[PDB]
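Asks: First, the structure itself, so that you have it in front of you.
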Amino acid sequence: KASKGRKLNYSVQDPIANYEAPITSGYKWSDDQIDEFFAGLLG
Amino acid sequence: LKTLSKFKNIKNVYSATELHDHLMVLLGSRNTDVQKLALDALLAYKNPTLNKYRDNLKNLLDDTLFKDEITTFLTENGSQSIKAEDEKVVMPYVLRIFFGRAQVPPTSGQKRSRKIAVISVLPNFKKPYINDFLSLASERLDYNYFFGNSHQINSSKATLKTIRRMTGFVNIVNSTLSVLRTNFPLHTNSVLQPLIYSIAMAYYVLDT
Amino acid sequence: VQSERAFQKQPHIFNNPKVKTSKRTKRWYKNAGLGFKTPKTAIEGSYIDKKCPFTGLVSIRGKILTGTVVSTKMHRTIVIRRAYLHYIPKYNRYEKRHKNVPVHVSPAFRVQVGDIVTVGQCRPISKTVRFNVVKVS
Amino acid sequence: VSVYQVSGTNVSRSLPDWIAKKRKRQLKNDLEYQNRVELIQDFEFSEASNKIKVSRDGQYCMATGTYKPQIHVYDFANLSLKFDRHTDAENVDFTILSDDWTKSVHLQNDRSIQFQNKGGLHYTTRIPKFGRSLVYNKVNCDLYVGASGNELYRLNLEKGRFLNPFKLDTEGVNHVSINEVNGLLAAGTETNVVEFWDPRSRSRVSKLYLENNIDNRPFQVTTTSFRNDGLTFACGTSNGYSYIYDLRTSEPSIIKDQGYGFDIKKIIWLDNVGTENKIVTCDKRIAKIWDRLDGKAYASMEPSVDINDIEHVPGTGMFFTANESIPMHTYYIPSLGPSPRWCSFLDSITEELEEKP
Amino acid sequence: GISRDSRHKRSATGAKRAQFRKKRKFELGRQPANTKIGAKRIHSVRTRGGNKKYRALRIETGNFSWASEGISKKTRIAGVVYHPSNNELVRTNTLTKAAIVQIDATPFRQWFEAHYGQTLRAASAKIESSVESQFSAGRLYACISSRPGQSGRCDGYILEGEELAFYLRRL
Amino acid sequence: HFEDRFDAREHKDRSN
Amino acid sequence: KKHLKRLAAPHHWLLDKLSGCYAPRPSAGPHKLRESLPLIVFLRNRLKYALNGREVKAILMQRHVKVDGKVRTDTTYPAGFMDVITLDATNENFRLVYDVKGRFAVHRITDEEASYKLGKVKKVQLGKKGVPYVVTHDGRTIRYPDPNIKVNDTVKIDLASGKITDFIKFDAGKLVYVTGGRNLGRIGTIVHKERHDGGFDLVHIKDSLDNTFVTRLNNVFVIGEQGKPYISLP
Amino acid sequence: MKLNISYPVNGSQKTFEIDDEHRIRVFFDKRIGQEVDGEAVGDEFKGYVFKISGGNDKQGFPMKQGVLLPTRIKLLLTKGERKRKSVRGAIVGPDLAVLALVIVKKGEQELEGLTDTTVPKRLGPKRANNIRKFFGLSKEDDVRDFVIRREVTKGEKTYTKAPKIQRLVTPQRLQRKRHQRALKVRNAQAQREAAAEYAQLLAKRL
RNA sequence: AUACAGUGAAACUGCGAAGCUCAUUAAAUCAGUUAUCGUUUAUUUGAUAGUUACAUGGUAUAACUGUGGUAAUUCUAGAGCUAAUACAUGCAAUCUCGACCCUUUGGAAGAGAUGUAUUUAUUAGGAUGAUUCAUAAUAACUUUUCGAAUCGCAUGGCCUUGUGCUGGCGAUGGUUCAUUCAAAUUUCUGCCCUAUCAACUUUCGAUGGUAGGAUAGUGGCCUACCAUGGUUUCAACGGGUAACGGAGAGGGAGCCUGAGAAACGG
């Protein structure tokens, strides 16, 4: 089952580490605004 | 005829109808180049049903796309098949085209296969239209005098040319019989009496 | 027989549904030669095995070996063990060794753990299987 | 409205393109061959194209092919193919991580994710089950791959580990999309439901049941797309019906029928073009442009060959379509917007252009 | 990238083998030609020697054989219904040998009318009930026996008898 | 197993 | 590879090991490399007619040499077992037969003997259009063979027409030539054929001195009946 | 700047340098394939039409078709091997050192160096049917008497020289065809004899 | 030599281009031997294709003539030529059953029959120990293959004097099979110390089955499902070594040719 990758493996993979860096700016709308709008998502 | 096709107003020439009749014959000519030319002058005549399916008629005359065109264009219930209202106008051209392809001799494997393709599309046709195709091949054969008289053979008609035309007819009917078989449409004028007429020619020719 | 997603059939062997001359489906079989009698269960069996020496598309050629069955747990193949006395010249004395060979077994043969099987070499069936069971005892 | 086909096969739908290449050497005397113009050199795949995407920078483009399964990158500034690179397997979904072509991630049909750097292939990673869609979250740099099974896999690109997979109520993820404004992820499930997922946490904000009164047949969510406004949300169904939803309300504001009953392969939001109330819905045969508010039909895209994907060059009236033909088709609508910078003098040749209706 | 060498694999006793040498092209392997329904697209690929192979990337036509009555007609392919190996090919309608597809019953229908003179002598015209139902529906089930990815052809044969029943239960 | 291979050393003379 | 050292050259050619750096490689042809005698070796080192490769080229270019009744101009043409070499200028006819030691011996033959050769039937099978044919040890494909001819039989081929004049079945009591192994070149009568299916078939052969030896079937060539060989032996 | 004007009916060509910028400006913004009136170029060119065919820049690189730019670009071109080389756009601009023009129609006045002069064809027909087309020969007429000959004088020696016609009907071709047909017939007859002998042998055996 | 005919630059075609320097590896290198009924194979060699023509087109250009740009290259655009074994197109026979048993070798009414290549389906089934092997037949399929529009030397035999019919020796081409040159996998055997190296494997296949993808083909080689297997104290696995007693051409990634190279070529 683990063989051939049929099972997800949660170990580190070195080549993919630090391929990209997160953007610290984040979403344009503030976190509280996003939380509010999801709570009302689709009524 | 290349000059004929580029005539701006072909329908208004001195003699358009009987010119159209002769063009219809050239459309049935064995030489595909004549058919390409003959169609172009026929297309010069303005008819909306023709213009809708002009490309399909051209593709049939093209040798490379002849096979794929038949499977897509002439298959009944096909998406690209002719509409019921447009069948009457388009098919007369269809029959002469494939009649010309059938005339092409089978001197090669490629040429042989195109005769099976030509004869295999008849079941798609509706029965009188199949009868029309048989009637077209029998137009060249002159048999009315034979049955008109007391089944007597004219010496002038007895020639190598006449037998060659009959050999072409019988081969076409045999291929049609193999494909249609019980669904073959049999009519006295179209097939049977040219068929009987030809047997009379063979006996007369062999004995005389 | 039809315990797989695909339909199991002997390739190029046809049973005509219309003619229905015989209830039994037409079965193709061959004798492998080498004086190995083709068993009757293979002739009148219903199994489909592409690697069977009598009904499959495999030919027995090359070495013929004999061994003792050691494992029969996997599907349509077994593991046999062959032992011998290898000579050491420096001491001039023999030492026992053994080797394990995986061999394909057709379903026409019933093999347990401990019996003696004569096997025939054939084309590579799998990663490790190069032989095919041809006689059980 | 005038729509011009700058590049693409100009033969009948029945006639194949390989016959046109046969006919090519016979027609070389024809003046049309000399007169016709190509925009990007080598802008064709050997048999067919699956997809097309354009760089955010706006000077580079990227595509893939059927055989040899390949990845063409085209330089707009240079009007030529930058390079050609094959792939071991055919490509299903990709996104361009970097602004330029340097970094990209492909979802192949062999269940393998491959990361392609500028030098070449960096690493290939294999997900547990087959994937149909792939999207990147720029904020978290987490790569999300829709899957045949219910689970939606999470690969975080910073830390280089497969994280816990989001579990969906229904099996089969056709398309996934992430809203830049909100981060909301809408997953297009096989059943007639769209599940909206929370990025920072792992929760279902809500799941929306699409309803069609006209047809009782079952339909499959094929595509999902978010607007830069953060509120309007678009859905594509397998029956050729495109729904635009205001995310706050459950009911659909507008329902449009493409008319051919084919799956909607992609939906593109034409906000940047100007006259923002515009939207493109792409089917196998037509890519149609219409306005979000009235539903009126402005421009209809009718290529001679089936469309696999369509892409809009930002800020311009140019559309790039991946088709089944040798030459992919690129289209220009002057009314929508000006021609791109690199296509500076495309305008001078509009009269000579085909100007198909 | 695709290679056919057995060196990269693990041993029978099981030592993780080390790379002997760089990949050679005489164990070369090529990508899967995912044939699919639609307008014919075939590519010519040069193989070892002067031999040539045809890569049917796209195909909507095939020469399918009615084995019982012993004919073979060229027919349109409707779509893939069942493939024993993997269901994703069915979902993607990938065309491969052993895939169960749906084919044109029109030419077979006309042929039957011509040869037996009966809609769909009488005893010969009799056929299996399930296939009659298939013609009445207008869609015929068939199994592909050719390899589109090597020969460029999608030839096949009509399912009948035990095979037809087995696949019907699988469907 | 019998090789059945001709060898040069046996045939050539070793008298010297 | 394409170059051959003299030290690596076949032993049976008799070639001295120190004559030069390199030896002739037989070209592609009827016989295997290890079982063929190139015309350069035959003409220069056995016949002594030529003194280096260049006179050999001159001779072959004069078309004075015929192999199996046809002119050969290739310096390294692979002449082999049961091959007839005709030199009309010298009125000489040779047949290549191994001696007891195992080397080609330049055996002179009469014109009638040169007119025919013997080929061991390697294969009997029907080609296209249902035409039976036989492949012999020298690669000759002869169509419409006699039905009784089978594998391991020997066919007498007329060089001028390339047709089978007669044949010998492989059976006990037949006279046999050894074409391989340590017993190479020996002649004797068959005693018994030890058949190992799926393996190399072994044949027991008794010489005129009543000594018996065993050899693989692939090294067996029937040449006639006991006391009545179809060829003049060396 | 320089205009290399070619008038092909005669095959003539000549270069004209135009110092004033008015002409060069009326040439600006056109495309290789567009036609420009000669009267705008000058009264000497009054009534002429020029088709723009290409040109080279101040840096020496040519103009190429298919590219609609006024500025340099490096394109991947083939001379299968493809190299990336710098080329100019098909758009006429002030960066062009020379433009090539083709006279589509003649104007009222005759050019001294182009219209008033002619250059003959270098070579004549070689294939027999090409000769027949060039002289309109009937099928009965033999091309052999209509072969174009050129006179060569070396010192005091002089002689006429003519080409080898190709695809010409000659006795040796007929002989070769007849020999091939006879060889095929002979091979078939020999095969039939062999089959008959084999059948007789089988009859004897049975 | 009144089509050219000797020699022949240039160009288009055809064929062939397949020593050094670093690292190191225990029967996984190499040597012997088996099998390919599991494969490709230029070339050599033997066989092998009766299914407008007194010879078609540029749907063609090089070399070549001439006009120019550039500091400039095995950098170059415009105009005008001309050819093929280059590129395309393409063409009144034979064999059986044989009444009459007419003549008794014999003629003969009438009936009939008649390429090759790929793929699928179906029927019959001399060769080997063994085959669904070989071959043949039927129904179709195919970006349906091929089945001399070629060249050199000689000018014979006939007559129906037309340059009428019929032709000798070679070269270059072409389908299939076999042979030969090779290549690729593959069966078994083959002198170091070793437990102070006892577990190794499934560690993105480990053992096997079914089906599929690809190869020149067999085969987890890879892919979809299924079983939890395989080696080992008779030494698996690991470690050391007088195991000189396999790699690359500035560094990695990728592509192209050809019979044969992942090419010291591009």
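Residue numbers start at 1 in each chain; chains themselves are named A, B, ... in the order of the structure tokens; ligands are numbered from 1 in the order shown.
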Would you give me, as a PyMOL selection string, the residues in region 17-179 of chain H that DSSP reads as strand (DSSP E)?

Replies: chain H and resi 17+35-37+49-57+73-78+82-87+96-105+150-154+157-161

Asks: Please provide as a list in words all residues within 7 Å of region 199-211 of chain G, with the sequence filter that same-chain residues fewer than 6 positions apart are discarded (counting only C-alpha atoms (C1' of nucleotides)).

Replies: residues 62 of chain C; 187, 188, 189, 190, 191, 192, 193 and 217 of chain G

Asks: Store the residues of this selection in a file with C-alpha atoms, as an mmCIF file, in the first residue's frame.

Replies:
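Dumped everything to result.cif:
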data_model
loop_
_atom_site.group_PDB
_atom_site.id
_atom_site.type_symbol
_atom_site.label_atom_id
_atom_site.label_comp_id
_atom_site.auth_asym_id
_atom_site.auth_seq_id
_atom_site.Cartn_x
_atom_site.Cartn_y
_atom_site.Cartn_z
ATOM 1 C CA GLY C 62 16.359 -25.843 -22.144
ATOM 2 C CA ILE G 187 35.015 -40.080 -40.607
ATOM 3 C CA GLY G 188 32.879 -42.974 -39.442
ATOM 4 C CA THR G 189 29.598 -44.862 -39.612
ATOM 5 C CA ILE G 190 26.611 -44.011 -37.420
ATOM 6 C CA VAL G 191 25.736 -46.490 -34.664
ATOM 7 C CA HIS G 192 23.010 -44.805 -32.592
ATOM 8 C CA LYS G 193 21.410 -41.366 -32.185
ATOM 9 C CA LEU G 217 24.434 -33.833 -33.853
#

Asks: Tell me as an NGL selection string which residues belonging to chain H come within 8 Å of chain I, counting only C-alpha atoms (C1' of nucleotides).

Replies: :H and (4 or 6-8 or 11-15 or 53-63 or 81 or 97-98 or 100-101 or 121-126 or 143-145 or 147 or 162-165 or 167-170 or 174-175 or 179 or 184-185 or 188)

Asks: Could you list, as a list in words, every residue within 9 Å of residue 2 (chain F), counting only C-alpha atoms (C1' of nucleotides) and ignoring same-chain residues fewer than 2 positions away?

Replies: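 Non-adjacent residues within range: residues 4 and 5 of chain F; 33 of chain I.
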
Asks: Taking only C-alpha atoms into account, find every residue of chain D that has an atom no more than 10 Å from chain B, and write it out as a ChimeraX atom specification.

Replies: /D:12,14-16,19

Asks: With 12 Å as the cut-off and only C-alpha atoms counted, what is the closest atom pair between each nearby residue of region 89-120 of chain B and region 173-194 of chain B? Distances in Å to one decimal, ordered by chain and number, as a tab-separated table.

Replies:
residue	atom	partner	partner_atom	distance
B:102	CA	B:175	CA	10.7
B:115	CA	B:175	CA	9.1
B:116	CA	B:175	CA	8.1
B:117	CA	B:179	CA	10.9
B:118	CA	B:175	CA	10.0
B:119	CA	B:176	CA	6.4
B:120	CA	B:179	CA	6.5

Asks: Can I get the selection written as a compact mmCIF listing (two decimals), in the first residue's frame, with N, CA, C and O atoms?

Replies:
# COMPACT_ATOMS: atom_id res chain seq x y z
N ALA B 102 -17.24 5.18 -60.05
CA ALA B 102 -17.41 3.78 -60.42
C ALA B 102 -16.84 3.50 -61.80
O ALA B 102 -16.36 2.40 -62.08
N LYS B 115 -14.01 1.47 -55.67
CA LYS B 115 -15.26 0.92 -56.21
C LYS B 115 -16.10 0.26 -55.12
O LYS B 115 -17.33 0.40 -55.12
N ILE B 116 -15.47 -0.46 -54.19
CA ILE B 116 -16.22 -1.01 -53.06
C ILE B 116 -16.80 0.12 -52.22
O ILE B 116 -17.94 0.03 -51.75
N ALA B 117 -16.03 1.18 -52.01
CA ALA B 117 -16.55 2.33 -51.26
C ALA B 117 -17.73 2.97 -51.99
O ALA B 117 -18.73 3.34 -51.37
N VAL B 118 -17.63 3.10 -53.32
CA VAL B 118 -18.71 3.70 -54.09
C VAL B 118 -19.97 2.85 -54.01
O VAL B 118 -21.08 3.38 -53.84
N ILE B 119 -19.83 1.53 -54.13
CA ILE B 119 -21.01 0.68 -54.16
C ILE B 119 -21.55 0.45 -52.75
O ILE B 119 -22.73 0.13 -52.58
N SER B 120 -20.70 0.59 -51.73
CA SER B 120 -21.14 0.34 -50.36
C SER B 120 -22.03 1.44 -49.80
O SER B 120 -22.68 1.23 -48.77
